[PDB]
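Peer 1: what would the 3D arrangement of this be:
(chains A and B)
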Number of protein chains: 2
Amino acid sequence: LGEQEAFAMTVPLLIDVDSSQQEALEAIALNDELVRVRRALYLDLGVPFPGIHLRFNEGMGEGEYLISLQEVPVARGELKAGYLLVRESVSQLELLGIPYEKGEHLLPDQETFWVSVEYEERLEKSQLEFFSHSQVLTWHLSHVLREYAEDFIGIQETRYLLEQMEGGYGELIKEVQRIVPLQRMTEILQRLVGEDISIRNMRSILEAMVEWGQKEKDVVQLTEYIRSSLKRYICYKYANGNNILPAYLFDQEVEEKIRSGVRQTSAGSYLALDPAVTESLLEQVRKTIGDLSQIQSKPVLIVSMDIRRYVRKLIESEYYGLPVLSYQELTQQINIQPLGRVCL
Amino acid sequence: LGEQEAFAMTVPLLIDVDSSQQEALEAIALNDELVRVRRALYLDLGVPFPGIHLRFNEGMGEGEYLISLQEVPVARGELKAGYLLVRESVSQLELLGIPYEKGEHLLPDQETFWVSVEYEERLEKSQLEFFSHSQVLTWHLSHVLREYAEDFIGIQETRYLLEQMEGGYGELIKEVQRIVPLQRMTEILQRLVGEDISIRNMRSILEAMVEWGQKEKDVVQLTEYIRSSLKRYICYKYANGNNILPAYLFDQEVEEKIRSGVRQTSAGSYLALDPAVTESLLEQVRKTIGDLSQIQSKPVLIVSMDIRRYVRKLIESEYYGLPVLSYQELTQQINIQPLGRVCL
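Peer 2: Numbering: from 1, shown residues only, chains lettered A, B, ... in the order given. The relevant structure is shown in the block below.
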């Protein structure tokens, strides 16, 4: 036992589902239904995701499954599709109009109710959302990555991109590395994928990295200049229609209250107004935006560039699916259709 | 005798149990029951523990055993299971309701009373905690490491991690070594494992090492920023339930008395208020927290980040099993359920 300790590396991503399916589930693909949603999610965000280890554990129950990032279960579940109970995401009284018996739960994103596989034939005629045992699993996965993609872009992973691109763009990389150190360039790539912006376009992120890495030095400013280099991308991510975008402009009185609380002190530049002012603004927002749960068409808040960040991490608690843009990121020839200006 | 001195290295960890078992104990494993609890404890903390030498000494009695860190017995014991008296940890009047004769002691952590091996058959029916001759030994071991894990992470042991990780994360390490010297990076890894935080996740400790090792320079601040990188880990170590955490918030009046006594002088930043104020605060704590011996569910104190340390080493005498958190380490989506605010 005198062997010293034999260090063992932690696993980057891990899926632990129960036993009793290690050969029973195992048959849609569950080795080509993960690698499919990992690639299909890579081409969306661009993060070089890690290898998903798949372990069928017997220690848990029979419908349990936990998805552990680095040995801390981040989205566990007891799939009561355990035997076969293919769930329903947009479950409603329509599943009472389509009367097949239900099973209650609040599986995360939409109201989940479960029906059996004889009931499936008739409800698939009725056309609602069906999640097989693959699609119930990967969905949380494709939701775990999209929300924890700030943790897979580390100094070891960008140096993977800046090596994989050596062939294509030689003199671009040998120029960017001398201007922005790897720590600083990575502290940006995390800040893009935080707003669900896609790294994928890795060239025009380095063009705008070289251009501004000499003039600007505060990361939060530099990333607002770099988003402004993906102009005609964002116009396509948020406003899919004919150059019309449903916005929620901030009336100038507020964009000035926030620009006066930046506190550029210790490379944090924290927005520090007051625990009593934050609730004042966050109320004026909640008073106009409402809840946006019924509000369709995915609106976006639109605020000046230099505070586009601090507004984002402010309402990040209440309004999570409300992206924030800038005036600059808005490529011209976009018809902002203001839903309602946020007064004070 | 002219041989100069022939230097002989001290042993890192050493178990000295008596003779008369060197072949009699020797049969559960006692070479695979230590290496099992050493590995099982490594995957918990992450420290690369040393090799446990096992020596059966005759110089002692017949039920004695001492566990010596570097030749100073740190947890000795005369196991009065000497012949066979498998102990009981949660001994109570239930062992008078289950009337089998007892043997009194205060073996450390829970009330230890001993019963024989014919009594074992019936009390194992009654379902209380049994410690065989292995489990009485390793338990102190798995308690010695967990409490002296600040002594196994030295500059020689982190350079073992930063070499074992060269393969996986090359450019991460070649970046962190130039930012934080080995002394400074190790003075952190000791400060994590001091709070029972787990080094194990060695990547996101280096990501947050690179990020903050340039801005912050006081170790105690840097480690409070590094704990804030293991956010969604701590949420799982202290609040296992559904995002609900039983806290003991500090009312703001106190968190300001302590922030005024930091004395950042000689890289010690000692909290120096008064031997008469420390008893004032430590009384207001003891007046609300009580004793927490009956208080179940493992509550945690929750104080602002910048003094999370000085509060910890303050109550470290009285309330040892009361972990202290920050507001920052608390990942959002955690329902702090304040048990009672510590007023002044």
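
Peer 1: ok, longest helix in chain A?
Peer 2: Counting by DSSP state H, the longest helix found in chain A is helix A:133-147.

Peer 1: wait, does whichever helix or strand comes after that helix contact chain B?
Peer 2: Going down the chain from helix A:133-147, the next helix or strand is helix A:155-164, by DSSP states H and E. Yes. Interface with chain B: helix A:155-164 contributes A:155-156, A:159 (Cβ under 8 Å from any Cβ of the partner chain). Backbone N, C-alpha and C define where each C-beta goes, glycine included.

Peer 1: how far does helix A:155-164 sit from the chain's center?
Peer 2: 21 Å (Cα atoms, centre = their mean, to the nearest Å).

Peer 1: that one: which residues count as buried?
Peer 2: Buried residues in helix A:155-164, counted by 16 or more other Cβ atoms under 10 Å in any protein chain shown: A:155-159, A:161-162.

Peer 1: so which residues of chain A form strands?
Peer 2: Ranges of strands in chain A, per DSSP state E, are A:13-18, A:52-57, A:64-69, A:73-78, A:87-88, A:113-114, A:130-131, A:244-247, A:301-302, A:324-325, A:335-338.

Peer 1: and of those, who's closest to chain B?
Peer 2: Nearest to chain B, of all the strands of chain A, is strand A:73-78, at 6.5 Å by Cβ to the nearest Cβ.

Peer 1: helices or strands next to that closest one in the packing?
Peer 2: Counting contacts by 3 or more Cβ pairs under 8 Å, 6 or more residues apart in numbering or on different chains; DSSP states H and E, strand A:73-78 packs against strand A:64-69, helix A:133-147.

Peer 1: make it 10 Å
Peer 2: Secondary-structure packing of strand A:73-78 (3 or more Cβ pairs under 10 Å, 6 or more residues apart in numbering or on different chains; DSSP states H and E): strand A:13-18, strand A:64-69, helix A:133-147, helix B:231-237.

Peer 1: can you list the ones you listed in a markdown table and add distance to residue B:313?
Peer 2: As requested, the helices and strands packed on strand A:73-78 are exported to a markdown table (distance: least, Cβ to Cβ, whole Å):
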| stretch | distance to residue B:313 |
| --- | --- |
| strand A:13-18 | 35 |
| strand A:64-69 | 31 |
| helix A:133-147 | 36 |
| helix B:231-237 | 19 |
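
Peer 1: next, count neighbours for the closest residue to chain B within the stretch 201-344 of chain A.
Peer 2: As assessed by Cβ to the nearest Cβ, chain B sits closest to residue A:267 within the stretch 201-344 of chain A, at 4.4 Å. Neighbour count for residue A:267, taken as other Cβ atoms under 10 Å in any protein chain shown: 15.

Peer 1: for it, which non-adjacent residue is spatially closest?
Peer 2: Spatially, and ignoring its direct neighbours in sequence, residue A:267 is nearest to residue B:215 (4.4 Å; Cβ to Cβ, 6 or more residues apart in numbering or on different chains).

Peer 1: what's the answer for residue A:222, then?
Peer 2: Residue A:222 sits nearest to residue A:216 (Cβ to Cβ, 6+ apart), 4.6 Å away.

Peer 1: touching, the one you found and residue A:223? I think so.
Peer 2: Yes. Under the criterion of Cβ atoms under 10 Å, residue A:216 makes contact with residue A:223 at 9.4 Å.

Peer 1: between those two, who's got more neighbours?
Peer 2: residue A:223 (24 against 15).

Peer 1: gap between that one and residue A:191?
Peer 2: Per Cβ to Cβ, to the nearest Å, residue A:223 is found 5 Å from residue A:191.

Peer 1: what does residue A:65 give?
Peer 2: Separation of residue A:65 from residue A:191 (Cβ to Cβ) stands at 32 Å.

Peer 1: when those two are compared, which one has more neighbours?
Peer 2: Using other Cβ under 10 Å, the more surrounded residue of residue A:65 and residue A:191 is residue A:65, with 24 against 20.

Peer 1: list the contacts for the residue of the stretch 1-150 of chain A found nearest chain B?
Peer 2: Closest approach between the stretch 1-150 of chain A and chain B, counting by Cβ to the nearest Cβ: residue A:2, at 3.6 Å. Going by Cβ atoms under 10 Å, 6 or more residues apart in numbering or on different chains, residue A:2 touches B:31, B:35, B:50-54.
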